[PDB]
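Contents: one structure, followed by commentary.
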Amino acid sequence: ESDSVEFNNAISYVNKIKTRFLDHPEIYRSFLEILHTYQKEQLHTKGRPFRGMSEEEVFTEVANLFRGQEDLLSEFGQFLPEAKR
Amino acid sequence: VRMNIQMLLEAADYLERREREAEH
């Protein structure tokens with residue numbers, strides 16, 4: 001049947017981000033730009049995947065962009081594989 | 001279970017393309 005629930009959980013998040021940042025159309029540039037430092041790994045090597053950087057940094061930047069809304073970074077925590085509790 | 005930050009760049013490019021799909 002194929003698992004794409006968590007895909008849609010990502011969609012719903014991005015769509016929420018895009019819907020709340022209507023006053024701020026600029027965030028849609030810089031948000032992903034920061035995660036592009038993360039995601040780079042997959043295309044950077046000629047072989048294995050990596051971690052990118054420290055998961056704390058990619059967080060750190062996005063927080064300054066989004067600032068005021070802690071509830072978004074709450075959902076960001078899903079996409080950070082830490083402990084899972 | 002593939003919930004990594006990779007999903008955000010996936011969901012973003014997906015959603016960009018989705019708007020353009022919708023117009024027809």
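Residue names in the structure tokens use chain letters A, B, ... in the order shown, residue numbers from 1 in each chain, and ligand numbers from 1 in the order shown.
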What are the closest atom pairs, with distances in Å to one decimal, for all residues of chain B lying within 10 Å of range 34-39 of chain A? Consider only C-alpha atoms, order rows by chain and residue number, and present the result as a tab-separated table.
```
residue	atom	partner	partner_atom	distance
B:4	CA	A:39	CA	9.6
B:5	CA	A:35	CA	7.1
B:6	CA	A:39	CA	5.9
B:7	CA	A:39	CA	9.5
B:8	CA	A:35	CA	7.9
B:9	CA	A:35	CA	7.4
```
(Q) Which residues are near residue 74 in chain A? Cut-off 12 Å, only C-alpha atoms, ignore same chain within fewer than 6 positions. Put them as a PyMOL selection string. (A) chain A and resi 13+59+63+66+80
**Q.** Atom pair CA of residue 33 in chain A / CA of residue 50 in chain A: separation (Å)
**A.**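 We find that CA of residue 33 in chain A and CA of residue 50 in chain A lie 18.0 Å from each other.
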Q. Got a sec: who's within 9 Å of residue 15 in chain B, counting only C-alpha atoms, leaving out chain neighbours fewer than 5 positions off, as a PyMOL selection string?
A. (chain A and resi 11+14-15) or (chain B and resi 10+20)
Can I get the selected residues back with N, CA, C and O atoms, as a compact mmCIF listing (two decimals), in the first residue's frame?
```txt
# COMPACT_ATOMS: atom_id res chain seq x y z
N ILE A 11 4.30 17.65 4.38
CA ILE A 11 3.54 18.53 3.55
C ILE A 11 2.72 19.50 4.32
O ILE A 11 2.79 20.71 4.12
N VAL A 14 5.02 22.18 5.94
CA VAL A 14 5.45 23.13 4.97
C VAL A 14 4.35 24.04 4.52
O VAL A 14 4.49 25.26 4.44
N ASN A 15 3.16 23.46 4.26
CA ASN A 15 1.98 24.21 3.97
C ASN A 15 1.52 25.10 5.07
O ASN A 15 1.07 26.22 4.81
N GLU B 10 11.92 17.98 0.27
CA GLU B 10 11.10 17.16 -0.57
C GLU B 10 9.72 17.71 -0.63
O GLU B 10 9.20 18.01 -1.70
N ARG B 20 1.63 24.62 -9.60
CA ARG B 20 1.72 24.68 -11.02
C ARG B 20 0.96 23.62 -11.73
O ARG B 20 0.46 23.81 -12.84
```
Q.
Give me the residues near residue 1 in chain B as a PyMOL selection string, where near means some atom within 10 Å (using only C-alpha atoms) and where sequence neighbours in that chain fewer than 3 positions away do not count.
A. (chain A and resi 3-7) or (chain B and resi 4)
Q: Mind listing the helix (DSSP H, G or I) residues of chain B, per DSSP on the backbone, as number ranges by chain?
A: B: 6-23
Q. When distances are computed from only C-alpha atoms, which of A:17, A:72, A:27, A:32 shows the smallest separation from chain B?
A.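 Distance minimum relative to chain B lands on A:32.
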Q.
Show me, as a ChimeraX atom specification, the residues that have an atom within 12 Å of residue 64 in chain A when counting only C-alpha atoms, minus same-chain residues fewer than 4 positions from it.
A. /A:27,30-31,34,57-60,68-70,73
Requested write-out: N, CA and C atoms of the selected residues, as an mmCIF file, in the first residue's frame:
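Final output, saved to out12.cif:
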```
data_model
loop_
_atom_site.group_PDB
_atom_site.id
_atom_site.type_symbol
_atom_site.label_atom_id
_atom_site.label_comp_id
_atom_site.auth_asym_id
_atom_site.auth_seq_id
_atom_site.Cartn_x
_atom_site.Cartn_y
_atom_site.Cartn_z
ATOM 1 N N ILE A 27 10.947 34.194 4.029
ATOM 2 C CA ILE A 27 11.273 33.029 4.792
ATOM 3 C C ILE A 27 11.364 31.806 3.944
ATOM 4 N N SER A 30 14.993 31.543 2.720
ATOM 5 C CA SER A 30 16.079 31.292 3.616
ATOM 6 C C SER A 30 15.933 30.050 4.428
ATOM 7 N N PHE A 31 14.702 29.638 4.779
ATOM 8 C CA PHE A 31 14.397 28.428 5.481
ATOM 9 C C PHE A 31 15.016 27.223 4.865
ATOM 10 N N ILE A 34 18.956 27.101 4.444
ATOM 11 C CA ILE A 34 19.575 26.546 5.609
ATOM 12 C C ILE A 34 19.540 25.057 5.617
ATOM 13 N N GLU A 57 22.415 23.183 14.369
ATOM 14 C CA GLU A 57 22.715 24.412 13.701
ATOM 15 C C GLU A 57 21.596 24.775 12.787
ATOM 16 N N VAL A 58 21.047 23.752 12.110
ATOM 17 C CA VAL A 58 20.041 23.921 11.108
ATOM 18 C C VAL A 58 18.760 24.372 11.717
ATOM 19 N N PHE A 59 18.514 23.850 12.932
ATOM 20 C CA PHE A 59 17.582 24.341 13.899
ATOM 21 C C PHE A 59 17.811 25.765 14.276
ATOM 22 N N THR A 60 19.021 26.125 14.738
ATOM 23 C CA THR A 60 19.384 27.420 15.227
ATOM 24 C C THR A 60 19.063 28.550 14.312
ATOM 25 N N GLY A 68 9.072 33.827 17.304
ATOM 26 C CA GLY A 68 7.749 34.069 17.790
ATOM 27 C C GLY A 68 6.980 32.794 17.828
ATOM 28 N N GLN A 69 7.095 31.955 16.783
ATOM 29 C CA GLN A 69 6.381 30.720 16.687
ATOM 30 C C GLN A 69 7.202 29.543 17.089
ATOM 31 N N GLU A 70 7.042 29.087 18.344
ATOM 32 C CA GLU A 70 7.710 27.947 18.891
ATOM 33 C C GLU A 70 7.065 26.675 18.461
ATOM 34 N N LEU A 73 8.651 24.834 15.499
ATOM 35 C CA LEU A 73 9.840 24.124 15.856
ATOM 36 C C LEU A 73 9.569 22.878 16.627
#
```
**Q.** Best match for closeness to residue 16 in chain B among A:67, A:54, A:18, A:49, counting only C-alpha atoms
**A.**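 Using only C-alpha atoms, residue 16 in chain B sits closest to A:18.
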Q.
When you count only C-alpha atoms, which of these residues is closest to residue 29 in chain A: A:2, A:65, A:44, A:8?
A.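 Closest residue, counting only C-alpha atoms: A:65.
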Q. In Å, how far is it from CA of residue 78 in chain A to CA of residue 51 in chain A?
A.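 The value is 15.9 Å.
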